[PDB]
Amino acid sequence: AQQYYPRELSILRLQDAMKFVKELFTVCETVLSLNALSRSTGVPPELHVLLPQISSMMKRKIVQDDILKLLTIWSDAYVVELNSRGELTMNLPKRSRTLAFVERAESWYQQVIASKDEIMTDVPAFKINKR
């Protein structure tokens, strides 16, 4: 076109992905914080239990891969634990987190579009290995 060629179009796609993971982080923050209060151990239910809550707040069906995008931006954002059956459980780490995430999200976005190759259109899911 005039202003936007394939590379620029990919950047625009990525910006929507940035907007997505930023909102998703905030939603995970409210859900995990609230659910971590329900039990004496301070440990929330498995992630698959909390996904309907996360989905309703996001007004869209959120899956585990969406959640893992957050760790790509901030690896120490949450603590990841795999149980006996391999079911994923996420939890807040032991001590503003929202501001910290946005800064890293911005910095991550900067480094992606900075170099002149091919631009990814979405945040890749963080890779989790077996315990």
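Heads up: residue numbers just count along the shown sequence, starting at 1.
Missing coordinates between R95 and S96 amount to 4 to 9 residues of the deposited sequence. Taking the PDB entry as given, 77-85 carries the higher mean Cα B factor of the two stretches 44-52 and 77-85. Legend: mean Cα B-factor per stretch from the PDB entry, 23-31 versus 96-104; the higher mean is in 96-104.
Ranked against the other modelled residues of its chain, the C-alpha B-factor of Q111 as given in the entry falls in the highest third.
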